[PDB]
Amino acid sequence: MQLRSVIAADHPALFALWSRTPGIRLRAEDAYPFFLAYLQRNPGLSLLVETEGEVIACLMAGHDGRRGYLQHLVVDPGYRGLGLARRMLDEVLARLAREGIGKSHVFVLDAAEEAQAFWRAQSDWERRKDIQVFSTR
């Protein structure tokens, strides 16, 4: 079970993982050119776990020079409950802290009941009830 940085050549394996994971919504930004630019901008910040040449978990992460933003946290069903998500999260947050990023955010759809439950259970995170988000249309 090798934890390592995601690189551009991982795109087919990660896109396949995302595609087969209920609860992960694929969008335009998940396609190769966006992935390539993301990794060039955020090198070493996104992580995956592989075993026997297969990718079994991932966490995409990056920052804007002020805050961290994490996306597409996945552990394959066969490898859940082993602490892999927590392992990736601890490592991403450490790397972000090295780069001067002391606060990070995740966005979770209200309709994603299982994801909400996961994030409410992480004691190092808090659901924000003090802010509104406005986004471009």
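All residue numbers are counted from 1 along the displayed sequence.
Novice: Quick check: 23-31 versus 38-46, which has the larger average CA B-factor in the record?
Specialist: Averaged over C-alpha atoms, the B-factors run higher in 23-31.
Novice: 90-98 versus 48-56: which one carries the higher mean Cα B factor per the record?
Specialist: Taking the mean C-alpha B-factor of 48-56 and of 90-98, the larger value falls to 48-56.
Novice: Ordered by C-alpha B-factor within the chain, which third holds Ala112? Give me lowest, middle or highest, please.
Specialist: Within its chain, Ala112 is a highest-third residue by C-alpha B-factor, going by the deposited values.
Novice: Ranking every modelled residue in this chain by its Cα temperature factor as given in the entry, which third contains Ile131?
Specialist: Highest third.
Novice: Can you tell me which third, lowest, middle or highest, the CA B-factor of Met1 falls into for its chain?
Specialist: CA B-factor rank for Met1: highest third.
Novice: In terms of the CA temperature factor given in the entry, to which third of its chain does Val75 belong: lowest, middle or highest?
Specialist: For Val75, whose C-alpha B-factor we compare with every modelled residue in the chain, the answer is the middle third.
Novice: Among the modelled residues of its chain, does the C-alpha B-factor of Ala85 lie in the lowest, middle or highest third?
Specialist: Middle third by C-alpha B-factor.
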